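Presented as structure tokens, the chain that follows is alone, the form deposited in one PDB entry.
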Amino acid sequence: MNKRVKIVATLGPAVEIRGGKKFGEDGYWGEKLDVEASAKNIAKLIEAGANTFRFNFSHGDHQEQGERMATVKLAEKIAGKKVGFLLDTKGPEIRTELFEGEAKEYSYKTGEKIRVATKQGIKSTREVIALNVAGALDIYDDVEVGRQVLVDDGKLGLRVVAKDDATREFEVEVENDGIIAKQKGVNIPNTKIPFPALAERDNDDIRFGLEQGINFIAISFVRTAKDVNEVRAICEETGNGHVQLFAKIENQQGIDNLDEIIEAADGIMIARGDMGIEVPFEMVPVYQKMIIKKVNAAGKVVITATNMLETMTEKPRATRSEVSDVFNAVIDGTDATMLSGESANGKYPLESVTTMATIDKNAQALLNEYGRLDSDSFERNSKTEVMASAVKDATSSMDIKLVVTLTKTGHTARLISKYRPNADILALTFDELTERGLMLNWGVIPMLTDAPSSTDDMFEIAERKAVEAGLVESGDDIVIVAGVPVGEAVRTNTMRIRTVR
């Protein structure tokens, strides 16, 4: 059984050795990164089922990210397996300012009335809370009375009862008991704070990633198609047109514009943590299911992310709720599941990938019976779409061990993936950009091949590579799909059902 659901693992210090020291050891940050020893740790994550590594530019500097990318390239060589490289942008942020007198935090009681300062370069007082806004942006004009200001992952709520134009301050009433600590995340739901579509930090981070060599960009806090289009303009301008963009839907404006965002993007990353703060908690499961169904309808890639196996950061076993949550992401029809802190900063990065691989493989067995996505609903206009449907019907009607597609661009692999056939998909391609770019599509095993000289040669190569890969053995039935004639840019128009010899 091959794992059809792809795993995105976030890389961090958890797998990194410095001067023989492991993360958390005293003096760890005082040593140079040990590249070959760290690469051996990352190869184990590849072997356990990580299909793509996420480089989170929210933390660290470019030199750390570049070294990490170099460590993965060595790990691919050690493991003898390739992975996708995904860049995650920092995006806009609002943080709690510093407190006067060096005070770490203040505890507040419901009904207590305090103020929120929009002026930048000011410290916070227990009475008045100061906001560090990205770009030192003035948000006073963009928050309406009745809005909510939430502090530290939505734990504390301040209702905006009044605005004082005299000091550009928010007059709020505490809604629930809690603590306001310094440098804490702030979210103001259902606001349209005018952070620019593409900030200079995000521009630097994307151009750096593009130069290092990446296959995917996950764009943080996408609110409209423009946030996707500004990034696409950079990929096309720099001659990186192959790079695929995943919009991170984390707030109500993003949900409101989901159809236009899906059209612009190559996929969606569902960020459940931030989405849970920005929208009513009971709607997250609704938005997750709806987003997965719509992205699959568009033949695009969806990643379910954040809070998947979070307890495995500190514990070797996940909770029943966490196992259920990952399992149900697969049944919902996700292409990929993601690990953040569990793989980047946790005590059990290898166990976290292994656990997610085990849940994903188990869930894939129920996809035939309990799977939510339904291929019959699709509109098959293009001949290529018609062929993908026939492949799906073959895998439904007969015991098909593998679907083999010869694809110069990967387009046919993506169309077959979209139908969720009851078989693994071997995508034979001729360049590394296409190979790595298919690493997050459901069920796709990308592999490099030699070019066929004829249609008969192509059928022979398809069976030979499947056997050499260990995917099938004599008596197994496979479906082979290709554009004929084979040399040219002929779209996939041929299907053959073959018994492996």
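From 1 onward, residues are counted along the sequence shown.
- Look at the C-alpha B-factors of 220-228 and of 171-179. On average they run higher in 171-179.
- Here the stretch with the larger average CA B-factor, out of 145-153 and 358-366, is 145-153.
- The entry lists C-alpha B-factors for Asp266, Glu93, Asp256, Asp325, and the highest of these is at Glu93.
- In the deposited coordinates, the residue among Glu432, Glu36, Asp61, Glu47 with the greatest CA B-factor is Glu36.
- Per the PDB record, residue ranking by Cα B-factor puts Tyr106 in the highest third of the chain.
- Annotation for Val128: C-alpha temperature factor in the highest third relative to the rest of the modelled chain, per the entry.
- For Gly80, the recorded CA B-factor ranks within the middle third of the chain. Only modelled residues enter the ranking.
- Sort the modelled residues of the chain by CA B factor and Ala489 lands in the highest third.
- Sort the modelled residues of the chain by CA B factor and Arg115 lands in the highest third.
Same protein, other form: the form deposited in another entry, not shown, and the subject of what follows.
- Panel note: of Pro194, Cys235, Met290, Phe459, the residue at the hinge between moving rigid parts between the shown form and the other one is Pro194; all others are over 12 positions away.
- Relative to the shown form, the CA atoms of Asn190 and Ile249 are pushed 3 Å or more farther apart in the other form.
- If you compare C-alpha positions, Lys182 and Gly346 are 3 angstroms or more closer together in the other form than in the form on display.
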